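Colleague: Chains as they are written, first to last, in PDB author numbering: chain A, 146 to 298, 300 to 313, 319 to 332, 336 to 346; chain A', 146 to 298, 300 to 313, 319 to 332, 336 to 346. A prime marks a further copy of an entry chain.
Every residue gets a Cβ at the ideal spot worked out from N, C-alpha and C, and that includes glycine.
Dropping a structure here in structure tokens format, bear with me for questions.
Number of protein chains: 2
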Amino acid sequence: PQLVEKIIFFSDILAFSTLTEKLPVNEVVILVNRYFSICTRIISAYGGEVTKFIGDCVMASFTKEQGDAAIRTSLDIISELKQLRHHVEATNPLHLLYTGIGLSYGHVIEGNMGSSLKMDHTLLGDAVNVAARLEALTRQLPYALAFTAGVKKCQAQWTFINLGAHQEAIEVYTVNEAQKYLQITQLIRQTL
Amino acid sequence: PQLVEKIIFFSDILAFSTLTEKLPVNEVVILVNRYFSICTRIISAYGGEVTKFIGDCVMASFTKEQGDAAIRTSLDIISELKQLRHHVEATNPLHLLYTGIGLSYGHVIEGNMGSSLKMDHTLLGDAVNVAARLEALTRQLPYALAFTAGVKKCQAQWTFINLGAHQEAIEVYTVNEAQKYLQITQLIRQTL
């Protein structure tokens, strides 16, 4: 167990509660397995490491030098999900599969934690909680991706959008390519 | 993968971000391992099953007939943590170890989910998200335990306190023995 610098990845399915309230069991399985397959493949392709699944949430980590990969991974997941919704009919529940991604950067305590009854690899630090809250912050944001200033520290490639300070407080950033093209739940209930 | 009725357990350390901001690495490890050891032992003692660790959060599940155990498990964790803080000096960081527990009941999709690169046992349903939000709901509540009406459905044993409807909306319940004996973060910063 030691203190290491890492980049934390958090992503989940938007309006997943309403999706599990109206879709049958076989369709929820297909939709979640589709989301897990797209996320883990793109994360692993850029050297990322998927740590664990929590319901519909995907947690991954990148090394301190892989800020370029964490952004490219997020953009590739968003683009592949947008191509998925366009290649299916409007009545297909896959047409409602959106995501929200949060990235953070900072020191975290990495090591095996727990007791004799349960030992598990764990990441402890502010960067883990910040990445989860920025991921949930994208639900009220027009961009499916949000990261801190530590992930941005990759300037020559993307047009970084400064969304300002949010809940102490931190600064939130995003990219223009992460723009989303509430009304999701209304789109789900009307279609299904 | 099938639809099963379960009781979901979620618990974390209160003000864990401020604790990781002021305590050294060796002390955070001791505090988290203490919390994991107390939780997993009491959960396993009542037949519960600790599913996974997420930072400082502990996720567990009980069968549909173990609503009596999920409440007793929560009360035993609260009592053992209260006895821990009284058997240590006020300067000991273990004197600041509090918890918040959320319980839920409902149908969840149980089965192995993911892709070929990552397969993991997963629980999908409203009961998983509700238990996590009731656990976070205890931070603004005077009780370290909060559960839905499905967990309460065990009437002859506890004096159930009806806290009313909260965020659709659900009803929240607790017990008088879960009373806590914001000021936590102020207690942490002054002591440390």
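Going by DSSP, what residue range makes up the beta strand (DSSP E) through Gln147/A?
Modeller: It spans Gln147 to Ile158 - the beta strand (DSSP E) in which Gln147/A sits, taken as one unbroken run.
Colleague: With a Cβ-Cβ cutoff of 8 Å, do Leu279/A' and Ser249/A' count as a contact?
Modeller: Their beta carbons are under 8 Å apart, which means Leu279/A' touches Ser249/A' by this criterion.
Colleague: Using the DSSP secondary-structure output, state which residues sit across from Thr208/A' in a beta bridge.
Modeller: Answer by DSSP bridge pairing, in chain order: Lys151/A'.
Colleague: Under 7 Å between beta-carbons, which chain A' residues line up against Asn327/A? List them in chain order, please.
Modeller: Simply none; closest approach about 30 Å.
Colleague: Take the Cβ of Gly200/A as the centre, count every other Cβ of all protein chains shown within 10 Å, and call the residue buried at 16 or more, exposed below.
Modeller: By the 10 Å Cβ count, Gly200/A comes out buried.
Colleague: Taking a Cβ distance cut-off of 7 Å, strictly less, list which residues of the region 260 to 273 of chain A' are near chain A, in chain order.
Modeller: Result list: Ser260, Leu262, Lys263, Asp265, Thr267, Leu268, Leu269, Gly270, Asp271 and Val273.
Colleague: Quick one: which chain A' residues come within Cβ less than 9 Å of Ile254/A?
Modeller: What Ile254/A touches in chain A': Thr165, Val170, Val173, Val174 and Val177.
Colleague: What number of angstroms, rounded off, separates the C-alpha of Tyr180/A' from the C-alpha of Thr305/A'?
Modeller: Using only the alpha carbons, I get a separation of about 27 Å.
Colleague: Under 8 Å between beta-carbons, which chain A residues line up against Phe181/A'? List them in chain order, please.
Modeller: Under the 8 Å cutoff, chain A gives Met258, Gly259, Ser260 and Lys263.
Colleague: For the region 224 to 276 of chain A', which segments carrying the beta strand (DSSP E) assignment without a break, of at least 3 residues, lie completely within its bounds, in sequence order?
Modeller: Runs of the beta strand (DSSP E) inside the region 224 to 276 of chain A': 244 to 259 and 264 to 269.
Colleague: Any beta carbon from chain A' within less than 8 Å of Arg186/A's own beta carbon?
Modeller: Chain A', which has a Cβ nearer than 8 Å to the Cβ of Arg186/A, makes this yes.
Colleague: Whose C-beta lies closer than 8 Å to the C-beta of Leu268/A among residues of the same chain, with five residues either side of it excluded?
Modeller: Excluding residues within five positions, the ones whose Cβ falls inside 8 Å are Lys151, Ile153, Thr196, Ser206, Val253, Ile254 and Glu255.
Colleague: Name, please, each residue of chain A whose Cβ falls closer than 7 Å to the Cβ of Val195/A'.
Modeller: Near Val195/A' (Cβ distances below 7 Å), the residues of chain A are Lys263.
Colleague: Tell me the DSSP secondary structure of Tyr332/A in three-state form.
Modeller: Correct three-state label for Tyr332/A: coil.
Colleague: For the region 271 to 290 of chain A' against the region 205 to 219 of chain A, are there 3 or more C-beta pairs whose distance is under 8 Å?
Modeller: Counting Cβ pairs under 8 Å, fewer than three are found: no touch.
Colleague: Name the chain A residues that come within less than 9 Å of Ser189/A', Cβ to Cβ?
Modeller: Under the 9 Å cutoff, chain A gives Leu262 and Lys263.
Colleague: Indicate whether at least one CB of chain A' lies closer than 8 Å to the CB of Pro146/A.
Modeller: Chain A', which has a Cβ nearer than 8 Å to the Cβ of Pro146/A, makes this yes.
Colleague: Find out if the Cβ-Cβ distance for the pair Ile183/A, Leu226/A is shorter than 8 Å.
Modeller: Yes, the pair counts as a contact, with Cβ atoms nearer than the cut-off.
Colleague: Alpha carbon to alpha carbon, how far is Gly193/A from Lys297/A'?
Modeller: If you take the alpha carbons of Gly193/A and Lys297/A', they lie about 42 Å apart.
Colleague: Does any CB atom of chain A fall closer than 8 Å to the CB of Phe198/A'?
Modeller: True, the Cβ-Cβ gap to chain A drops below 8 Å.
Colleague: Provide the residue span of the beta strand (DSSP E) that contains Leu309/A, from first to last.
Modeller: Taken as a continuous stretch (DSSP letters only), the beta strand (DSSP E) holding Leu309/A covers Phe306 to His312.
Colleague: Residues of chain A with CB under 9 Å from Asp213/A', in chain order?
Modeller: Here the premise fails: no neighbours, minimum Cβ distance about 21 Å.
Colleague: Would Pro169/A' be called buried (16 or more neighbouring beta carbons within 10 Å of its own) or exposed?
Modeller: Exposed.
Colleague: Could you check the C-alpha separation between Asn237/A and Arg343/A for me, to the nearest Å?
Modeller: Cα to Cα, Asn237/A sits roughly 13 Å from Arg343/A.
Colleague: Using the Cβ count rule (16 or more neighbours within 10 Å means buried), how would you classify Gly212/A?
Modeller: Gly212/A should be labelled buried.
Colleague: Quick one: what's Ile199/A' bridged to in DSSP?
Modeller: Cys202/A'.
Colleague: Is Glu194/A helix, strand or coil when you go by DSSP?
Modeller: The answer is strand: DSSP assigns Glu194/A an E or B state.
Colleague: Does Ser219/A' have its Cβ less than 8 Å from a Cβ in chain A?
Modeller: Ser219/A' does not count as touching chain A.
Colleague: For my contact list, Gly247/A and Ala291/A are in at a C-beta cut-off of 8 Å; report their separation, rounded to the angstrom.
Modeller: Between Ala291/A and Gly247/A the Cβ distance is about 5 Å, and since that is below 8 Å, they are a contact.
Colleague: Cβ closer than 7 Å: which chain A' residues qualify as neighbours of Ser162/A?
Modeller: In chain order: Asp271 and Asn274.
Colleague: How should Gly270/A be labelled, buried or exposed, when 16 other C-beta atoms within 10 angstroms of its C-beta is the threshold for buried?
Modeller: Its Cβ being crowded by 16 or more others within 10 Å, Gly270/A is buried.
Colleague: Within 10 Å of its beta-carbon, does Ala320/A have 16 or more other beta-carbons around it, so buried, or fewer, so exposed?
Modeller: So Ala320/A counts as exposed.
Colleague: Does the beta-carbon distance from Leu176/A' to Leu239/A' come in below 8 Å?
Modeller: Closer than 8 Å, so yes.
Colleague: Out of curiosity, what's the CA-to-CA distance linking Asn308/A' and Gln228/A'?
Modeller: Each residue's alpha carbon lies about 27 Å from the other.
Colleague: According to DSSP, simplified to helix, strand and coil, what is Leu290/A'?
Modeller: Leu290/A' falls in the strand class under three-state DSSP.
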